[PDB]
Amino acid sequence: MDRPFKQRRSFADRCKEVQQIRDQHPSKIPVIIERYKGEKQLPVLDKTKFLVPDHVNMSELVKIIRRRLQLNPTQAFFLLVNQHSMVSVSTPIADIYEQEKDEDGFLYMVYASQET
């Protein structure tokens, strides 16, 4: 629906789903990508739950998500993980998953037209 993921799924069920994904997609990182609650410029992505092959750099994900949003060339766009902008993080998602993942095992990201 429209409510954020953590509002729709219990912590238990989210954990259980991450365990399922470890069995069924071992090389992928499970991620939740959501629009900032107070965002007024950027549109809402078609979907919010993704798997990411774990070699993809965070910096590349910024470019991929920006393409998916179909913005104009000048629109501001920031992808935030635990409030940090990912635009210059040329590090595989595998290597930041363990430091930045939620207790439920998903890696959460927020996009917005401003950083702070």
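In case it trips you up, residue 1 is the first one in the sequence shown, and so on. So that the term is clear: the rigid core is the largest set of C-alpha atoms that superpose within 1.5 Å between two forms.
Next item on the list: Find the stretch among 28-36 and 72-80 with the larger RMS C-alpha deviation in 8 other deposited structures of this protein, all structures being superposed on the shown form by the rigid core.
Entry: Evaluated in 8 other deposited structures of this protein, the stretch farther from the shown form is 72-80.
Item checked: Divergent stretch in 8 other deposited structures of this protein, 89-97 or 13-21 [C-alpha RMS, superposed by the core] -> With the rigid core superposed, the C-alphas that lie farther in 8 other deposited structures of this protein are those of 89-97.
Notebook entry, point to check: Which is higher on average in the deposited entry, the C-alpha temperature factors of 20-28 or of 93-101?
Noted result: Stretch with the higher mean C-alpha B-factor: 93-101.
Check: Taking only the CA atoms, which stretch has the higher mean B-factor in the record, 41-49 or 54-62?
Finding: Comparing averages over the C-alpha atoms only gives 41-49.
Notebook entry, point to check: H84's Cα B-factor: lowest, middle or highest third of the chain?
Noted result: According to the entry, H84 has a C-alpha B-factor in the chain's highest third.
Checklist line | CA B-factor ranking of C15, expressed as a third of its chain | finding: Within its chain, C15 is a middle-third residue by C-alpha B-factor, going by the deposited values.
Notebook entry, point to check: Against its chain's modelled residues, does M1's Cα B factor rank lowest, middle or highest third?
Noted result: Within its chain, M1 is a highest-third residue by C-alpha B-factor, going by the deposited values.
Margin query: Splitting the chain's C-alpha B-factors into thirds, which one does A76 fall into?
Written below: Highest third of the chain for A76's C-alpha B-factor.
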